[PDB]
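Beneath this line is the structure, given in structure tokens, with notes to follow.
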Amino acid sequence: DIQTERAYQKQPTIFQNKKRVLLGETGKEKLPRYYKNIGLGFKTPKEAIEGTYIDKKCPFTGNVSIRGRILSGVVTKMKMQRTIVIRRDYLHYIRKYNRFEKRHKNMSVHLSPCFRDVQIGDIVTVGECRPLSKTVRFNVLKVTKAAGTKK
Amino acid sequence: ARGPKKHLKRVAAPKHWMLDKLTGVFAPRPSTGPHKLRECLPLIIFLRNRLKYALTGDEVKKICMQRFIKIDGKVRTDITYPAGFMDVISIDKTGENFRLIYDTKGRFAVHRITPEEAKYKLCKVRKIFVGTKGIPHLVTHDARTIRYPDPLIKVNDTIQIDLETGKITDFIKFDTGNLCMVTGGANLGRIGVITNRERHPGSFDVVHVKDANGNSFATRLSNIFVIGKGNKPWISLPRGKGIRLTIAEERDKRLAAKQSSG
Amino acid sequence: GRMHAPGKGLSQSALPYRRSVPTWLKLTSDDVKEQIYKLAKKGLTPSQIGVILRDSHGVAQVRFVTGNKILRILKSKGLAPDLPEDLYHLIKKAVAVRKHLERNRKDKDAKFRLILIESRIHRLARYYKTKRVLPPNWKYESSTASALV
Amino acid sequence: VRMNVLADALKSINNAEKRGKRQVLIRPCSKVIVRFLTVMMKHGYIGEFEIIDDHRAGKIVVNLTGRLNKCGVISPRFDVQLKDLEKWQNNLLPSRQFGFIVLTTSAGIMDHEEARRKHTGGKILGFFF
Amino acid sequence: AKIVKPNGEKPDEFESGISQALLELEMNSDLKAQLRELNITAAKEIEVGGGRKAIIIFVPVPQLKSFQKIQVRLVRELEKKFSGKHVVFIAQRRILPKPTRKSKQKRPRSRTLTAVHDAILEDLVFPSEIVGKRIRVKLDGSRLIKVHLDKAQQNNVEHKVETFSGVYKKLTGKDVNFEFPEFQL
RNA sequence: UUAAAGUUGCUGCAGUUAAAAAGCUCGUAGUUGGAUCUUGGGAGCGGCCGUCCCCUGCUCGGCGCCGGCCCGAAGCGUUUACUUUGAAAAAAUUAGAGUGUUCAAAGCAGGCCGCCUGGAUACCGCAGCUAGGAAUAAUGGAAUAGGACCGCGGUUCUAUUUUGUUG
């Protein structure tokens with residue numbers, strides 16, 4: 016489930032090679048989780064505390080700082096790994112014709128695997144961070160469910 | 378470009394220097410110093426267009442090279458040294474002191490002070506720093522590093538320092554009810570009393586300051602400089618007391634002065 | 003007027019202003035619920051149930067004497083059909099038209115009416131998809147229309 | 526189909542005003558129509574009207590008087606500010622001595638003079654003079 | 019006894035007298051077979067404008083039609099119990115406030131102010147149902163609703179229209195008139 | 001090249017005969033979409049009414065009253081557009097305050113017999129921040145009830161003001 020790659024995946028805060036009492040059971044085989052609060056009233060969910068994934072681009076359990084702008088959008092595509100595309104809609108005003116035209120420009124945000132009950136068309140809240148790839152500059156902070164989904 | 382700039386145009390200058398439009402092409406670019414580029418006043422501009430002691434740019438240089446100009450108890454020979462907010466300009470030969478205080482409008486003004494007033498300086502602290510061996514450090518708005526300050530000095534407070542030594546004398550907390558000054562933007566040089574401080578995480582905070590006659594305005598936290606404990610300022614205030622009366626009472630008082638003078 | 007016809011119609015029911023139970027009616031709402039359950043066990047649509055009750059049993063509406071409509075009562079008891087009745091009738095009509103076109107290839111007007119009926123079917127099915135009555139993977143096709151009644 | 530009920534109501538009112546009838550039958554009512562007719566009552570252009578309450582959508586019978594020139598509806602609801610109202614005053618009114626613009630503000634449906642008095646602006650509805 | 023007040027507080031003296039008259043009446047008559055579970059919620063005594071008064075009797079919602087089944091007899095029994103003061107039956111309905119963005123279950127539309135006022139107006143007079151409402155707005159902007167009642171059972175409720183208008187002005191707060199048309203039936 | 005051009009028409013053009021409704025129909029994107037959810041008064045001033053206070057709540061203070069009440073605050077309130085205010089928004093140029101460069105285009109000077117000054121103000125489209133209002137338009141509640149409240153029964157890891165001074 017973990018370390019499917021050529022290199023070992025570890026968190027560079029937790030030292031997991033500490034001497035124990037017996038190197039057996041009853042006090043072992045439970046790694047201490049590292050997590051932090053990102054501020055701005057965003058609560059850290061419990062599954063990031065209780066999870067087992069090791070990721071460097073996670074907003075909570077990773078070396079990513081959140082600052083700047085906070086935007087929102089709707090989920091469009093879930094194809095490529097740990098990075099989704101959201102869609103933003105706005106109204107553009109034209110001075111000559113006293114009316115509006117509405118445009119869209121989609122952007123790719125990085126999806127941490129903490130949020131697993133996410134589908135297409137959900138209201139999502141994103142926050143600005145450092146450039147993690149060529150076209151990714153935002154991370155997922157909270158997910159709001161769509162219209163309906165009673166079961 | 379390929380490097381730092383060294384020239385400043387007359388029209389591409391801050392307006393509070395209050396220069397004319399056709400006597401030259403280039404402005405006196407201030408040298409690197411304690412204060413910034415926009416919110417500063419060079420010694421050439423002050424000594425030529427404010428005190429009218431010199432006429433040309435050579436004569437103010439001949440003034441400055443005779444070691445007659447003192448800034449904060451130190452002799453400065455730079456012709457374009459930036460003299461910012463509450464910088465003490467002392468002339469030993471003529472025998473008077475100045476403090477650079479904003480008036481009601483967005484400009485500097487000539488404000489003479491007593492010599493006993495000219496032995497200290499109010500300055501705003503910027504950040505709290507801890508040195509190499511756990512020693513505290515303090516950074517002011519004019520970049521004067523103070524070693525071993527009081528533990529009660531916080532980020533947005535203000536301190537009064539002694540000029541001839543360089544030590545902290547006494548300090549004023551930043552709280553509601555303290556008299557403050559606004560430094561920057563549309564509200565500049567207005568004396569008022571702090572009434573509120575709104576908190577905005579992730580952005581710039583905004584405060585609410587009340588005037589001496591019920592008027593109110595709002596500026597950011599970075600444009601706030603506390604000058605006194607409560608309703609009593611610690612320095613001498615210029616004429617007008619930073620009230621920012623609007624144009625109607627200015628016209629009425631100008632008409633009254635022209636009637637009483639003739 | 004109509005949706006796929008140039009004519010204009012003004013033939014529809016006109017309810018009276020009074021929404022009160024008349025004094026001459028002697029049917030308590032449990033009895034008309036039992037009669038609705040009996041007629042549904044006889045295998046009838048809610049529209050035909052309302053027709054039979056209004057003609058024979060003297061009631062004006064179920065909704066004026068009971069706090070639910072006929073389909074709401076049938077869904078609460080749990081014997082309502084899994085498909086809406088108007089979409090089922092449209093599928094049945096489209097199946098009959100396609101069966102007519104299996105042997106008559108010269109009837110262009112019936113092909114035009116088949117196109118109109120299929121457009122109405124898709125238009126109703128889109129609304130029933132947005133109202134979450136039909137599953138999202140539902141799709142009206144030809145071979146799907148033969149297995150369904 | 527029927528998409529702007531208020532435009533239809535003022536069109537029927539203006540048509541029966543030009544015809545010379547004394548009573549106008551508006552088939553669909555709305556709260557916006559009630560506020561518009563209340564403003565036209567309070568400024569003295571229409572008379573004493575009614576609401577014919579049935580259980581689907583009420584009808585309105587308006588007692589007419591010969592003081593109305595035209596009733597119009599601006600479609601769609603353009604948002605107007607306080608500095609943009611004077612533009613509408615010059616290109617919509619026949620004179621400055623009379624004529625009123627009904628606009629939808631957050632303080633309620635009201636005319637342009639009360640909108641200037643309460644120091645607020647909103648969306649356009651129509652006009653009458 | 020018969021008082022079921024929704025909060026555990028002291029019932030009033032005139033309301034207690036109403037309940038005592040009701041319990042004494044259900045012992046001395048044969049109506050106790052249809053009055054074992056029916057209970058009064060509250061009561062009030064207002065001043066109808068003029069020389070007459072009225073009794074308002076509050077009725078629970080799920081027991082409303084039980085009181086409508088025998089509404090014909092108890093009004094004349096309370097008329098002969100008192101001297102000349104009229105009596106009405108008004109159901110007790112909770113009014114929920116309109117939600118705002120400054121201020122949770124979705125508010126049902128049966129608890130709205132318009133629906134509660136319409137139900138109170140329809141339950142105000144039982145023997146004559148409403149066959150039409152007309153709203154007259156006068157030149158000062160005030161509303162004046164006139165209510166048309168059916169031709170059948172007119173003389174029983176013909177003299178009570180002033181009391182009905184008074185209790186509707188007290189409970190709701192807008193003026194109402196009553197009329198018996200002769201056009202349709 | 002601009003106005004004249006209501007001959008490019010958003011304000012604000014025309015399509016029977018002068019230039020101009022696809023032969024007809026279905027149909028996705030786009031645009032536009034019925035009615036309906038809280039009304040009326042109280043405490044008042046002057047001669048029914050232009051103004052004035054009212055119709056969101058459950059851990060610390062201090063601003064008061066008798067641990068308690070009250071108010072103010074840590075902490076929060078379904079989200080938007082629209083509307084009003086505030087911040088920041090280079091100068092020059094535009095409007096515009098003052099001023100006898102002999103007037104004016106200009107300029108920021110100048111006037112009293114060392115002193116007094118002035119070198120304002122407004123605008124700055126959209127997008128971004130902030131605080132009052134909910135009329136207008138779109139969205140969501142609870143229907144196969146795990147619906148909202150209220151108090152009773154357990155599964156896990158842990159807070160030293162409390163099991164004589166010590167594992």
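Residue numbers (the working numbering), protein chains in the order written: chain A, 16 to 166; chain B, 378 to 639; chain C, 3 to 151; chain D, 526 to 654; chain E, 19 to 203.
Note that beta-carbon positions come from the ideal geometry of N, C-alpha and C, so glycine has one too.
Practice item. Given a cut-off of 9 Å, decide if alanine 460 (chain B) and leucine 420 (chain B) are closer than it, judged by their beta-carbon atoms. Key: yes
Exercise for review: Assuming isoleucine 568 (chain B) contacts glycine 511 (chain B) (C-beta within less than 8 Å), just tell me the rounded distance between them.
Suggested key: Not confirmed; about 40 Å, so no contact.
Practice item. Give me the Cα-Cα distance between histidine 91 (chain C) and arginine 552 (chain D), rounded to the nearest whole angstrom. Key: 35 Å
Point to revise | Selected residue, minimal CA-CA separation from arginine 406 (chain B), among B:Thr400, B:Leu414 and B:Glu575 | key: B:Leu414
Check your understanding: Straight-line CA distance for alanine 7 (chain C) to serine 13 (chain C)?
Key -> 15 Å
Exercise for review: Pull out every residue of the stretch 550 to 579 of chain B whose Cβ sits closer than 8 Å to any Cβ of chain A, in chain order.
Suggested key: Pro578 and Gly579
Point to revise | Continuous alpha helix (DSSP H) stretch holding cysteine 441 (chain B): start and end | key: 434 to 441
**Study point:** Closer than 8 Å at the beta carbon, the chain E residues around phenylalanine 561 (chain D)
**Key:** Going along chain E, no residue has its Cβ under 8 Å from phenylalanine 561 (chain D), so there is no contact; the nearest lies around 13 Å.
Review point. What number of angstroms, rounded off, separates the C-alpha of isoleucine 99 (chain A) from the C-alpha of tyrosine 129 (chain C)?
Key: 29 Å
Check your understanding: DSSP puts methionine 95 (chain A) in a beta bridge; with which residues?
Key -> Answer is none; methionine 95 (chain A) lacks a bridge partner.
Exercise for review: For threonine 190 (chain E), collect the residues of the same chain with a Cβ closer than 7 Å to its Cβ; drop the 5 residues on either side in sequence, then sort them by chain order.
Suggested key: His135 and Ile138
**Study point:** Alpha carbon of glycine 184 (chain E) to alpha carbon of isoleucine 73 (chain E), nearest angstrom
**Key:** 11 Å
Exercise for review: May I have a chain-ordered list of the alpha helix (DSSP H) segments no shorter than 4 residues that lie completely inside the stretch 91 to 170 of chain E?
Suggested key: 131 to 142
Exercise for review: Kindly indicate which residue of E:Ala170, E:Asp193, E:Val175 and E:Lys99 has the alpha-carbon position closest to the one of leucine 43 (chain E).
Suggested key: E:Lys99
Review point. Is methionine 558 (chain B) buried or exposed, if buried means 16 or more other CB atoms sit within 10 Å of its CB?
Key: buried
Review point. In this structure, does DSSP put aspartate 111 (chain C) in helix, strand or coil?
Key: helix
**Study point:** Partner residues on chain C for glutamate 33 (chain E), Cβ-Cβ distance less than 7 Å
**Key:** Those within 7 Å of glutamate 33 (chain E) in chain C number zero; the least Cβ separation is about 30 Å.
Practice item. Please say whether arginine 21 (chain C) and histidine 580 (chain D) have beta carbons closer to each other than 9 Å? Key: yes
Check your understanding: Using DSSP with H/G/I as helix, E/B as strand and the rest coil, what is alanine 632 (chain D)?
Key -> coil
Exercise for review: Helix, strand or coil for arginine 621 (chain B), going by three-state DSSP, please let me know.
Suggested key: coil
Check your understanding: So does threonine 596 (chain B) have its beta carbon nearer than 8 Å to some heavy atom of the ligand SAH?
Key -> The model depicted lacks the ligand SAH and carries no ligand whatsoever.
Exercise for review: Give the straight-line distance between the Cα atoms of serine 467 (chain B) and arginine 427 (chain B), rounded to the nearest whole angstrom.
Suggested key: 15 Å
Check your understanding: If we count the other Cβ atoms within 10 Å of its Cβ and call it buried at 16 or more, is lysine 178 (chain E) buried or exposed?
Key -> buried
Review point. Is the CB of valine 79 (chain E) under 9 Å away from at least one CB in chain C?
Key: no
Review point. Is the Cβ of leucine 156 (chain A) closer than 9 Å to any Cβ of chain B?
Key: no
Practice item. Flag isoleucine 99 (chain A) as yes if its beta-carbon sits less than 9 Å from any beta-carbon of chain B, otherwise no. Key: no
Exercise for review: Would you verify that the beta carbon of residue 2 (chain E) is, or is not, closer than 9 Å to some beta carbon of chain C?
Suggested key: The displayed coordinates of chain E run from 19 to 203. Any statement about residue 2 (chain E) would go beyond what the structure contains.
**Study point:** Close beta carbons around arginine 118 (chain A), own chain, < 6 Å, minus the five adjacent residues each side
**Key:** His107
**Study point:** Three-state secondary structure (DSSP) of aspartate 578 (chain D)
**Key:** strand
Review point. Any Cβ of chain E within less than 9 Å of the Cβ of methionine 566 (chain D)?
Key: yes
Check your understanding: Counting pairs of Cβ atoms below 8 Å between the stretch 139 to 146 of chain A and the stretch 79 to 86 of chain A, do you hit three or more?
Key -> yes
**Study point:** Residue-chain proximity (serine 22 (chain C), chain E), Cβ-Cβ < 9 Å
**Key:** yes
**Study point:** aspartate 578 (chain D) at chain E interface by Cβ criterion, 9 Å
**Key:** yes
Review point. Which residue or residues does DSSP assign as beta-bridge partners of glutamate 63 (chain E)?
Key: E:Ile73
Check your understanding: So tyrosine 108 (chain A) is in the beta strand (DSSP E); what residue range does that whole segment cover?
Key -> 104 to 109
Practice item. Check the Cβ-Cβ distances between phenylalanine 574 (chain D) and every residue of chain E, and say whether any is below 9 Å. Key: yes
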